[PDB]
Amino acid sequence: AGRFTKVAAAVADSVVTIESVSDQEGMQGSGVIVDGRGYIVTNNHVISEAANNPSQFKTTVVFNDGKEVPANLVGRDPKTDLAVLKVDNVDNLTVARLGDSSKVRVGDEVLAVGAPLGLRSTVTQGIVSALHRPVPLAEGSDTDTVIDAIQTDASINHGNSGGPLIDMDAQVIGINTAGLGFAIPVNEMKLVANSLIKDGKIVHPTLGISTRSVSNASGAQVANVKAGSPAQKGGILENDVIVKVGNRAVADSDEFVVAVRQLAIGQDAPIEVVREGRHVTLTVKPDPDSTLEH
Amino acid sequence: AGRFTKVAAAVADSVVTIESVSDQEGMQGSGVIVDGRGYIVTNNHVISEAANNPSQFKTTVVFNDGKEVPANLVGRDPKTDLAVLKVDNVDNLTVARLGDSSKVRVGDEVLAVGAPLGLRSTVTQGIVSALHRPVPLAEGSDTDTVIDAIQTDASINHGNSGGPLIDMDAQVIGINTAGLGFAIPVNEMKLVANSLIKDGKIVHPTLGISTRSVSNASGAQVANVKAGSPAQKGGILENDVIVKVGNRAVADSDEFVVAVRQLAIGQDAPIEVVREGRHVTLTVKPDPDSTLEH
Amino acid sequence: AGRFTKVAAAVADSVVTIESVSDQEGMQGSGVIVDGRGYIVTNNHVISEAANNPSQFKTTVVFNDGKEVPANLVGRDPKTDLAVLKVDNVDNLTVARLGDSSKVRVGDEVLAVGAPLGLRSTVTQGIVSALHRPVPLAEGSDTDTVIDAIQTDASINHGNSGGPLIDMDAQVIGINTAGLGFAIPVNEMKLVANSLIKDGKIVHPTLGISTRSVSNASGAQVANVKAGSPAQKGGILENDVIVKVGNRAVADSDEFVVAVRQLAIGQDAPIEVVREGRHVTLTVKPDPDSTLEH
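Residues numbered from 1 in each chain as written, not as in the entry; some residues may be left out. Chains lettered and ligands numbered in written order. Heavy atoms only, no water. Residues with missing side-chain atoms left out of burial classes, pairs and counts.

Its PDB header attributes the entry to X-ray crystallography and lists the resolution as 1.90 Å.

In the annotation of the PDB entry, chain A is listed under the name Probable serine protease HtrA1 and assigned to Mycobacterium tuberculosis. Database annotation for chain A, UniProt heading Function: "Essential protein that may act as a regulatory protease that is conditionally activated upon appropriate environmental triggers." The heading Subunit in the UniProt record of chain A holds the text "The C-terminal region exhibits both monomeric and trimeric forms in solution." (UniProt positions renumbered as here; feature names shortened; annotations may be inferred.)

In structure tokens, the structure reads:
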């Protein structure tokens, strides 16, 4: 057996098809069995329409064996493009073995595994091209987001979106997201899913800032400040060039969005800014984007 | 020597350039020496224009050594995008070693080898991403078709189209077709070529049905039924959702076309249909698409 | 450590980021430390705008450690898309180990390495798909060119353009150029850079000929002959189909441009032509495209 063939076969049992059907729409993606009690992680855009119209759509899981099982949405996060599904009382589940995406290195050989029984599913091979790479993700009603992705030259497409990005120990180091390829790191998936399973929601910090990238005074230039926002109270203004959020240098508006989310909610943080040519440090206390889930 | 370098060099002698030239057009593709008597398999779209205008076009083979030889069309099949050429009385031919595409597995490392002396030929590397994958192929006068392809993330382009998809034992498991990459499986190539060499034609079954895909009652929905067709006599109607042809579940119009061709010609077969919401099984006897070659 | 991970880490110290910033523009690419005295080779389009507007742009190198250093343009060649930069009095430089691109073979495994600290840098993996492959390159004020590239199915993009194409001995066999992927061979880079370091310019031969490709009397068909050119004095005319320049058969206008540059400047050379259907050989003495640098 080939060296990638063994790795793809060993994890095929842990990968499932995810299907959302209505009266005149049937939607598919891949997923990953992360808990033996029937918890399956996919990405939020695979199930986005069903979660936004739950009265008309129906979600099912098709396992490697062909077994079709009803599935229920535990929670979802458009901001990380993640989601958790639950299948109830399904036995002998092969739980995916989850790696540590902080031990992933550029050049590591990876497989982007799709649902073994999906309609036009794919299994692609490549290497890790970039780590901690901010990428904007576009969906339906949800709003666009940015994530620190693992980048890979393994192709990420409709046929493996939501499936796992696998290392050569058959461990999950990421969740593929097709909507030059990108994966959500597994350590971020572990956090987001640990809170979607418990709370059915994840709470991210906000500052009320919309930026545009600038490079010449490079960084994320403030396009608008929400009234009453933590940036209102911190003293951040328009035309400001944000160059550091917390302990993270901000290269552009993509790294800004990701640097805000690595801040502590409700805890003072420094924001370094170049204003009219003058280096100004500012203090901000991030709000929870969901006040009543916090 | 590298592990892919050895494999690509060992099969370079079995790959040829195929050139079709006229007064104001010169066309190229790759090909594969499959028989020591001078039989060369390419795909039908490489030679499509020359076969449709044989009075104005001229086809030649350029071997790995540089030898140019005249070539004559034995037969071709737009339905599988395959074709056979013949070079006469050329000695010391290195015949490609042909594999068994039913022993191919997802994750298998492959090379998509192009003509070693072609104009802008390529040799690409990847894995098998999907097996038994129906793909529509678009040509000139010929009509579009669908095939169960091997899917690969090795790039399939103009520079290796018609060349072999090679496994790590230097065996041909497929024929590359550029007109995310797809190859005709070798076991299907062996069948189609075994009949093009003998008969100069291949005969495929037909039912007289044109479908469109539906997914919500998913399958291939009948758009039109030819009068007097086997579907006329079987009782298949319009707005019917074909969900199984023979022993093969039909996911969409792509899998329909491929499932019809795996039927026995002139032998009763069951067609399962969802009509106005009612599961109706129907019997059909497939016609030969070429009555006087059958 | 993975087999590509070790190779990418071992050369990460020899790869740098190259940044050209002005008042309202900031430009990035990758580069390669080729000499311990501070010589860095990139491709010409990374620095094209800064070299054409040196009063407004500022170029810097960011090393693997994070050290930012000012950089000065030693020379550049839009015709090979190459360029040399110099950092002065920077110590403990890890000099890239340079391979021999004439010992590169189709199927060789390669890494297209980008700047380890670049904005959206990539490291991609693949094989050598084609050797001695003429490719047109498009820039700003510079004029388009054609080069004998190494072709690779490793992705060549903005994030590794200007960085090295690396073999499995961690040796540079090419310079990546994003503006299916292509690299300038290292042996051609060695020549062009050896003359840009000494002379701050490279001198290429010219004949005063503009061609268009023809294939039916295939080759490079003469579209225009410059008055007083070496082609004026050699007797080359319009509508001529150039089929060989020197010791190199010319398949099209791409191979023509590359075959002219492999001629000796100021030394008689044969040009084989098909004129009105008649094979005519002609003699030409190539001019230096830069008379006062020659």
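**Q** Outline the domain arrangement of chain A, listing residues and values.
**A** On domain assignment, one finds that chain A holds domain 1 (3-87), domain 2 (108-199) and domain 3 (205-293). Inter-centroid distance (C-alpha atoms) of domain 1 of chain A to domain 3 of chain A is 35 Å. (Domains from an automatic or database assignment.)

**Q** Pulling in residues and values, what's your account of the side chain of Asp108(B)?
**A** Relative to the helices and strands, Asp108(B) resides in the loop between β7 (82-86) and β8 (109-113). A polar contact of 3.1 Å, which involves the side chain of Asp108(B), links it to the backbone nitrogen of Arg105(B). Residues within four places of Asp108(B) in sequence aside, it is in contact with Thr5(A), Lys103(B), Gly126(B), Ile127(B) and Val128(B). (Helix = DSSP H or I, 4+ residues; strand = E, 2+ residues; numbered from the N terminus. Polar contact = N/O pair within 3.5 Å; in protein donor to acceptor, adjacent residues only side chain to side chain. Contact = heavy atoms within 4.5 Å.)

**Q** Describe helix α3 (residues 186-199) of chain B, naming the residues involved and giving the relevant values.
**A** All names here are of chain B. With 14 residues, α3 should reach 20 Å at 1.5 Å per residue; the first-to-last C-alpha distance of 19 Å fits that figure. Those residues of α3 that sit buried are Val 186, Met 189, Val 192, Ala 193 and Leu 196. Seen from one end, α3 has its buried residues packed into an arc of 120 degrees, which puts them on one side. For α3, the exposed residues set more than 90 degrees away from the buried face come down to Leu 191, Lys 198 and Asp 199. Residues of α3 that are buried make contact with β2 (26-35), β3 (39-42), β6 (72-77), β7, β12 (172-177) and β13 (181-185). Among the residues trailing α3, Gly 200 stands out with phi positive, at a value near 65 degrees. (Expected span 1.5 Å × (residues − 1). Buried < 20%, exposed > 50% of the residue type's maximum accessible area, 1.4 Å probe, protein only. Arc of directions from axis to C-beta.)

**Q** Tell me about the sheet that holds strand β3 (residues 39-42) of chain A, and please be specific about residues and values.
**A** Residues and elements named next belong to chain A. An order of β5-β4-β1-β2-β3-β7-β6 is seen for the seven strands of this open sheet, with the pairing classed as antiparallel. If you trace the sheet from one side to the other, it starts and ends with β5 (68-70) and β6 (72-77), each paired once. Strand-to-strand twist in this sheet, taken as the mean axis angle between neighbours without regard to direction, amounts to 30 degrees. Strand direction decides the pairing type here: β3 and strand β7 (residues 82-86), joined by four bridges, are antiparallel. Following the sheet pairing, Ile 40 is matched in β7 by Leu 85. Sheet contacts for helix α3 (residues 186-199): β2 (26-35), β3, β6 and β7; angle to β7, the most-contacted strand, approximately 50 degrees. (Pairing = 2+ DSSP bridges. Axes fitted to C-alpha atoms, helices over the stretch in contact; angles between N-to-C directions.)

**Q** A description of the interface of chain A and chain B should follow, citing residues and the corresponding values.
**A** One frequent convention defines the size of an interface as the accessible area lost when the parts assemble. Counting residues at the interface gives 19 residues for chain A, matched by 16 residues for chain B. Counting residues per element, the ones that place at least two in the side of chain A that touches chain B are α1 (3-10) and β9 (123-137) of chain A. For the side of chain A that touches chain B, the element with the most residues is α1(A), which contributes four residues. Within the side of chain A that touches chain B, the residues separate by chemical class into seven nonpolar, eight polar and four charged. (Nonpolar A, V, L, I, M, F, W, Y, C, P; charged D, E, K, R; others polar.)

**Q** Kindly report on the interface of chain A and chain C, identifying the contributing residues and their values.
**A** At the interface, 16 residues of chain A touch 19 residues of chain C. Among the elements that take part in the side of chain A that touches chain C, β9(A) stands out by supplying five residues, more than any other. Residues belonging to the side of chain A that touches chain C are distributed by class as follows: five nonpolar, five polar and six charged.

**Q** Break down the packing of aromatic side chains for me, with residues and values.
**A** The geometry of an aromatic ring pair comes down to the distance between the two centres and the angle between the two planes. With the rule as written, the count across this model stands at zero aromatic pairs over all chains. Residue placement shows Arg3(A) over the ring face of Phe4(A); its charged tip is 4.6 Å from the ring centre. Sitting over the ring of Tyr39(C), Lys86(C) keeps its end group 5.3 Å from the ring centre. (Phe/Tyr/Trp six-rings, centres within 6.5 Å; stacked < 30°, edge-to-face > 60°. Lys NZ or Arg CZ within 6 Å of the ring centre and 35° of its normal.)

**Q** Explain the UniProt feature "active site" in chain A to me, and be specific about the residues and the numbers.
**A** All names here are of chain A. Under the feature "active site", the UniProt entry names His 45, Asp 81 and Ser 161. By the secondary structure assignment, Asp 81 is in the loop between β6 and β7. Aside from chain neighbours lying at most four places away, what touches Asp 81 is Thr 42, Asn 43, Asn 44, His 45, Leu 137, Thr 177, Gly 179 and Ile 184. Here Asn 44 takes part through its backbone nitrogen, which lies 2.9 Å from a polar atom of the side chain of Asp 81. As for its placement among the helices and strands, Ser 161 is situated in the loop between β10 (145-152) and β11 (164-166). For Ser 161, a relative accessible area of 2% translates into the label buried. The residues contacting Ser 161, other than those within four sequence positions of it, are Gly 29, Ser 30, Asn 43, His 45, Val 46, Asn 176, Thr 177, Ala 178 and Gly 179.

**Q** Break down the environment of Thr177(A) for me, with residues and values.
**A** Residue and element names in this part refer to chain A. Of note, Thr 177 is situated in strand β12 (residues 172-177). In the structure, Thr 177 is positioned 16 residues away from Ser 161 in sequence and 4.8 Å away in space, judged by C-alpha atoms. With residues near it in sequence (within four places) discarded, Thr 177 still touches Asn 43, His 45, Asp 81, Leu 137, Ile 156, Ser 161, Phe 182, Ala 183 and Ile 184. Among the polar contacts made by the side chain of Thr 177, one reaches the side chain of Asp 81 at a distance of 2.7 Å.

**Q** Can you explain the pairing of strand β13 (residues 181-185) of chain C? Please cite residues and give values.
**A** Residues and elements named next belong to chain C. Judged by how many residues are buried, β13 sits mostly within the fold: five of five residues are covered. In this structure, strand β12 (residues 172-177) lies alongside β13, joined through four bridges in antiparallel fashion. Residue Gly 174 lies in a different strand from β13, and its bridge partner there is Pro 185.

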